[PDB]
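Starting off, we have a lone chain in the form deposited without BIS(adenosine)-5'-pentaphosphate, written out as structure tokens.
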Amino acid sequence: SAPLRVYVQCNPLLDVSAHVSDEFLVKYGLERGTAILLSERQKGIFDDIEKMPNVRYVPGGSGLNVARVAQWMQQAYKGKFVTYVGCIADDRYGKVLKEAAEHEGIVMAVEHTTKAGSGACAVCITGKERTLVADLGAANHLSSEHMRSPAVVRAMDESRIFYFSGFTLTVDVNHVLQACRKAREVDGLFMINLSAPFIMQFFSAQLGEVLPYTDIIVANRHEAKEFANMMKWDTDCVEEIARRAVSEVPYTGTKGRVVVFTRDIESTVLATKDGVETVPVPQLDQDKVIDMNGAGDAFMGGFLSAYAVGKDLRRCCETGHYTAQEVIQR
């Protein structure tokens, strides 16, 4: 069964990943297991990490990871399923990022900007721990001019599911509203991931503009809770947050609103107009959890591939749990 055509938009980054010594982390002032933006303190880190004999370069950023996992689940339809849009630069990293993604079967309708080098994240591996240092680079400069280029307009015209990370809202909310309009035209489906709690705390106005067009909202517990804070919903119950997100956040669509809140150690919450269900999860135990950082991306990717082939909502969630588990345990 041929999947519906999916349009993914995010902030693309090359994952420059290597196993490194403890000394490496100290040299760049890095608190093991944390994730931060590049600052003066970490100047040199990319140059150094590239000298590690084990370094690997992998196309990254949250939405590109979703796209890759979703494509992985439908090997039969390389070049014929997922289109990805974002902004890179025309440099070695952008070259690796685009070609690696293409080889995996994703149509990369990316812009090449001159305003910055391609985004990247130094993934410093020490055993089962990953410490991240990110520089958004070119991703921040995705332009209106690219958004109205024939390739992007045709890709929107030809897709039926639209998936945007919350990070897209930090760049320019108008690029996102364009796709919301296109989803309306093609009678497609618009989905956002809430991405990170700071999105709701600092980019609530942008999120506000997009919500009415959003058919499916996906988030984890802490993002759900910051969403609650943003709506002035004073509760800690994620199930309550899901009900309100269904029925109390403006909705102008026709497909129906769906809310999926993942809850780490606890069951995933699934909500619609017909009520709330929970979807059990494994107790991820325990000397096995190698990639705690990419779990959410992997989940969304599984979800999205099941939704594209017509599976109902519980099995979309279950497909997502499965892909999150596989990716965590390498």
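Numbers for residues come from their place in the sequence shown, where the first is 1. Just so we're on the same page, rigid core means the largest C-alpha set that superposes within 1.5 Å between forms.
What comes next is about the form deposited with BIS(adenosine)-5'-pentaphosphate bound, which does not appear here.
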{"query": "Site status for BIS(adenosine)-5'-pentaphosphate placed as in the deposited bound form, C-alpha superposition, 2.4 Å backbone or C-beta test", "finding": "blocked"}
{"query": "Interface segment, criterion being heavy atoms within 4.5 Å of BIS(adenosine)-5'-pentaphosphate in the deposited bound form, picked from 248 to 256, 105 to 113, 128 to 136, 142 to 150", "finding": "128 to 136"}
{"query": "Any non-hydrogen atom of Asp264 within 4.5 angstroms of BIS(adenosine)-5'-pentaphosphate in the deposited bound form", "finding": "yes"}
{"query": "is_contact(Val26, BIS(adenosine)-5'-pentaphosphate) in the deposited bound form, heavy atom dist at most 4.5 Å", "finding": "no"}
{"query": "Distance check, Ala324 to BIS(adenosine)-5'-pentaphosphate in the deposited bound form, heavy atom within 4.5 Å", "finding": "yes"}
{"query": "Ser305, heavy atom within 4.5 angstroms of BIS(adenosine)-5'-pentaphosphate in the deposited bound form", "finding": "no"}
{"query": "Of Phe190, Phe167, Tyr93, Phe81, the one that lies within 4.5 Å of BIS(adenosine)-5'-pentaphosphate in the deposited bound form (heavy atoms)", "finding": "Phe167"}
{"query": "Non-hydrogen atom within 4.5 Å of BIS(adenosine)-5'-pentaphosphate in the deposited bound form for each of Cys10, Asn220 and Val289", "finding": "yes"}
{"query": "Candidates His146, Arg221, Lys128, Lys182 - which moves between the shown form and the other one, C-alpha at least 2 Å, core fixed", "finding": "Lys128"}
{"query": "Per-residue C-alpha change between the shown form and the other one, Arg315, threshold 2 Å, rigid core fit", "finding": "no"}
{"query": "Core-superposed comparison between the shown form and the other one, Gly44 Cα displacement 2 Å or beyond", "finding": "yes"}
{"query": "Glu31: Cα shift of 2 Å or greater between the shown form and the other one (core-aligned)", "finding": "yes"}
{"query": "Note on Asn54-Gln75 C-alpha separation in the deposited bound form, which departs from the shown form by 3 angstroms or more", "finding": "farther"}
{"query": "Distance direction in the deposited bound form for the C-alpha atoms of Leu38 and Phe203, relative to the displayed form (3 angstroms or more)", "finding": "closer"}
